[PDB]
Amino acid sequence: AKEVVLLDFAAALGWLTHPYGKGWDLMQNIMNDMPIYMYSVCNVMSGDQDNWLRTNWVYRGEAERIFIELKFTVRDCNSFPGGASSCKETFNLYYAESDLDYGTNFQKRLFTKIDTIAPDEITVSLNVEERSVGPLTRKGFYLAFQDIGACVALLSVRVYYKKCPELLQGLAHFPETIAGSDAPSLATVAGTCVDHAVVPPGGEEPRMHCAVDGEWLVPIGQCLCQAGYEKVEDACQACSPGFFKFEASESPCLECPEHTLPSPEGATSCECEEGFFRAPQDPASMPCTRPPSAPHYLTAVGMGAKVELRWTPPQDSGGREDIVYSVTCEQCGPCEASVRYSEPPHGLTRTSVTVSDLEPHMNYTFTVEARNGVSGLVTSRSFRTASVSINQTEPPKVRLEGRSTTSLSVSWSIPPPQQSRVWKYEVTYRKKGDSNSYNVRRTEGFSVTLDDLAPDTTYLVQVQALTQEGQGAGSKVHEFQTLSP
């Protein structure tokens, strides 16, 4: 775990002693053909000791919490001739922040005690200890060591801050970040997106925290490979030629779908080969599709004035499920509003419709076309046709125009446009009650007189305009009556 050092006594500076002369004092020994320095003080006999040793001004840089490591020795208070109660076996560690170098202007009251330092190993004619303080927030700081009446040898001091390693995590890159001072107040570090990577709409953007111990803590958000690109190891390559990636996801590059042209490197979509198309609604994931073929077959059986257009889906959906049917009509020329559709005629999803109100004696032709969500792209037409004529025309209006004791003058009417079909007019009559005797005569006229009948009798008259045989339209059964003398 990287550590940045701000002050290292061992490598070596002549620090400030107070008071000067007595108290702390730089000293030297010999080892491995090399000089060894140390600040010592051994005033155990003397009743009251208050010896201060101050380190020169250390720059804080951007360090937030510093770690102080000390290596020292301590003699046993029981080994000195005096060795009275005036001998301690510990010393005190202080610090102070400032924006300028006080130089020689050392002032005890300005210092904050960090802790007392006690020997792990006491000797008789080396203890290692570490502490830390934060947060620091000024240009520089001092360290101060206080003697209270012991025999101490200070061999080493190191003050450093911990640091978080640079890394790449989820396509994001974070840089060396100074570790934080306190956990409850841990800042957040933004990461930047590797080439060809991005943060999608709208996920969390890359973040991570540098903990006191110099460790990366809680990873937030992530970067994904931009469209046209895919993740390989910890980088983003372009999609191979023949593949595509429309949205920035975690998935790999997909191969082009059906009916598409081989894509160039780093493709976000495969264009569709001539003959096929895609709708706006269509995702670039589905294959380009085609317009449908006309309905497979079409029937139109007309029960009276209504009719039943049944039909079946195209033999070729064009590769879609959004096929809708449209129905028009011929009467020549287009039908008016005269015809009623059981349902709206255009934009149908069913495969059968009932139209009604068809004036007899006219064959209409209905056309049904099938189209899908891609028909609007081409100007062709794919439809089926079916025609029907109802011959039932038309319930004649009967009424009399003359009466006698024995004869009835009967006449019927019917619009000229329909007087064409009518092959012959069948006239039927019989006395009331009688059901074993029928009187029937035919004619092309619109009037007839019934001869040789009984007086004061109601007759049943039924006229039927045949078209041509057994397929004609009957009339209301009227009731007329002879006259009395």
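The numbering used is simple: start at 1 and walk along the sequence shown.
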In the entry, residues of the deposited sequence missing between residue 125 and residue 126 amount to 4 to 9
Could you bin the unmodelled part of the deposited chain lying between residue 331 and residue 332 as none, 1 to 3, 4 to 9, or 10 or more?
4 to 9
387-395 versus 318-326 - which carries the larger mean C-alpha B factor in the record:
387-395
Mind pulling up the entry and telling me whether 56-64 or 434-442 has the higher mean Cα temperature factor?
434-442
Whose CA atom has the top B-factor in the entry, of 82, 200, 283, 228?
82
Based on the PDB entry, the highest CA temperature factor among the options 13, 10, 473, 16 is that of 473
Third of the chain's Cα B-factor distribution that residue 45 belongs to, per the entry:
highest
Relative to the other modelled residues in the chain, which third contains the C-alpha temperature factor of residue 222: lowest, middle or highest?
lowest
Ranked against its chain, the third holding the CA B-factor of residue 70
lowest
Based on the entry's values, in what third of the chain does the Cα temperature factor of residue 101 lie: lowest, middle or highest?
lowest
Using the temperature factors of the C-alpha atoms in this entry, rank residue 371 within its chain: lowest, middle or highest third.
middle
